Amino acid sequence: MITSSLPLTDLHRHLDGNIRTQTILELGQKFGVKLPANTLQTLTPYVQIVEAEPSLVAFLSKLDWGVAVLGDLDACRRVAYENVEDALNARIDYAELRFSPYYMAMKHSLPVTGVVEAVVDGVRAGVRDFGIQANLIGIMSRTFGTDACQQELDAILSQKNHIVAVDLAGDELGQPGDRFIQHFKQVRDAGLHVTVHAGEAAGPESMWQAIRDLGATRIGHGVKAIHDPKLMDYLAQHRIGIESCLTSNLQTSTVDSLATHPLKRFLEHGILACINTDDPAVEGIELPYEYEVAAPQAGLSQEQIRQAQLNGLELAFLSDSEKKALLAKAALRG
């Protein structure tokens, strides 16, 4: 259960893996994109996980129809705006929305810098209209190779005043993190924070590399650390964040069952693990369900769920002043 008197964060939330099916249908029709189906219920299985996919890359294909309908920059602004509304309705007080502008732009060859600007505009309008707090994380989609990721990084950095961090996401096995060392040097020299998807499809060596050579202070998933006691020791004493995504790990077959998900053992090890959605529309979940159903099925007690909620606040890419303010604001509730 969500604790009302604590801020509720979502720190690992892909806005371009969270496109409403109704929006896919409308933009698909607006741009003449031939979709596999033409009603909400018949399109649902093509844009949403039906049962667990056998791999991370099989799961990633489910996001494709959502970005296939981004026919102009206004479409990207719309999806970004709608994502702020969805975060509000999911009870989130502070959301970090991550997005890959290269991935969003590639089906209709949109200008990647234009896509970054449109997403900034859409989230800014959404924050104004819906009243939650939000920050942006730019993703380098490793899947498309280092050259595409450099083009994507250039676009992200041109709006660095509005973006708090850069992420590495996509096909972890096919494009290991040691190919992006010089990309993340540019990220840190620009003063941005670093989170990295690691230890999901690949093993603990990917997490070590992200920590040591990419400068990650948060890791997306990180579930393979359960096999590396020294790594779990390091995560705890260096306060590296673990962005846990329970349903996502099931649906990529990264974790065979919630009963064996490592989140509970991470928390028992004093690791700063937090609870997140990942790709809510693709997965068919939202944040309250992860708290109310998934986390108890992963064996967490209510005390452990509250600890994880607090960890999300501590891990946010915010100043301590802003974290203080969020805690003090939520403490008046409940």
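Throughout, we count residues from 1 along the sequence that is shown.
Stretches 84 to 92 and 117 to 125 differ in mean C-alpha B factor, with the higher average recorded for 117 to 125.
Averaged over CA atoms, B-factors in the entry run higher in 28 to 36 than in the other of 270 to 278 and 28 to 36. Highest CA B-factor among the listed residues (98, 197, 238, 142): 238.
In this structure the maximum Cα B-factor among 221, 183, 227, 261 is found at 227. Ranked by Cα temperature factor within the chain, residue 103 sits in the lowest third according to the deposited record. Remark: residue 109 belongs to the highest third of its chain, ranked by C-alpha B-factor as recorded. In the deposited entry, the Cα temperature factor of residue 189 sits in the top third of values across the chain's modelled residues. Compared with the other modelled residues of the chain, the Cα B-factor recorded for residue 20 ranks in the middle third.
Ranked within its chain, residue 210 lands in the lowest third, by CA B factor from the PDB record.
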